[PDB]
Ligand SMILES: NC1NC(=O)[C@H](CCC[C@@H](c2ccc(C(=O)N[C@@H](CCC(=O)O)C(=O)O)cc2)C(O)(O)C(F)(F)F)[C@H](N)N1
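Single chain ahead, written as structure tokens, the form solved without the ligand.
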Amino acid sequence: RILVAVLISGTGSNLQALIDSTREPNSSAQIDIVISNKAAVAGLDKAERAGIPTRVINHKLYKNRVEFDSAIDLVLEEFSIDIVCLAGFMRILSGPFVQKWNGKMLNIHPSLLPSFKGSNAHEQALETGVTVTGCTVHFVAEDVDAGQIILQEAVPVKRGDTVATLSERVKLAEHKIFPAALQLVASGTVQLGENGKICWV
């Protein structure tokens, strides 16, 4: 069974969906550690109540990106981790850290990439006026524009929607495709070919 780590910054609703799925009898993965860059958030309570240990690593206490990322990597090695999942982690990782984990780190984004990159995707979609939006799960690459896509799900926009109502609807889709993608990669069904392109068995 593959050992996994989940990194967060807030509430932890996606984290909970991942915990519940890896608990199922037929799962190929197991979550052994949860890390947050912010103290006292709700996501930490969720991890402790499921019997998973936690660690808080504050970016404000370091001199730069590389030193912060190195502190995180030390912990991943301590727990012999194989795969990393970014679930609401609001930081940009340095080049070398991304190189070391190439093909072994997944991220969730609230839009149908390549549309609406960056922060506040829902607000962007409403300003633009699309009638269809969605969510994406992808591998992380040295440039936030070429990460290979694994799975996507389209979500409709209703006239009259507010940022709060659209966010709620897209979140329900996120809880579906993130757990499904972790299982595809953990079982070897989906891999990143050495030609830099996605590959299915």
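Only residues modelled in both forms are compared. The numbering used is simple: start at 1 and walk along the sequence shown. Rigid core (definition): largest C-alpha set, two forms, superposition within 1.5 Å.
- The PDB entry reports B-factors from which the mean C-alpha value can be compared for 134 to 142 and 170 to 178; the larger average falls on 134 to 142.
- Set 14 to 22 against 183 to 191 and average the Cα temperature factors; 183 to 191 ends up higher.
- When the Cα B-factors of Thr162, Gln152, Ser36, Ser28 are read from the PDB record, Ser28 comes out highest.
- Of the candidates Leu86, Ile92, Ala125, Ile72, the PDB record gives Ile92 the highest C-alpha temperature factor.
- Annotation for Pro156: CA B-factor lies in the middle third of the chain's modelled residues.
- Per the deposited record, the Cα B-factor of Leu113 falls in the lowest third when ranked against the other modelled residues of its chain.
- The deposited CA B-factor of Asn107 belongs to the lowest third of values across its chain.
- Among the modelled residues of its chain, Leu61 has a C-alpha B-factor that falls in the middle third, as given in the PDB entry.
- Sort the modelled residues of the chain by CA B factor and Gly147 lands in the highest third.
Below, we refer to the form deposited with the ligand bound, which is not included among the displayed structures.
- In short, of 49 to 57, 27 to 35, 138 to 146, 156 to 164 it is 138 to 146 that has heavy atoms within 4.5 Å of the ligand in the entry with it bound.
- In summary, among the residues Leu112, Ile83, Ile72, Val98, the only one with a non-hydrogen atom within 4.5 Å of the ligand in the entry with it bound is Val98.
- In the entry with it bound, the ligand lies within 4.5 Å of some heavy atom of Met90.
- The closest heavy atom approach of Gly118 to the ligand in the entry with it bound falls within 4.5 Å.
- In the entry with it bound, the ligand sits beyond 4.5 Å of every heavy atom of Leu76.
- Using a 4.5 angstroms threshold between heavy atoms, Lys176 stays clear of the ligand in the entry with it bound.
- Core aligned; the single run of 3 or more residues with all CA shifts at 2 Å or more between the shown form and the other one is 144 to 146.
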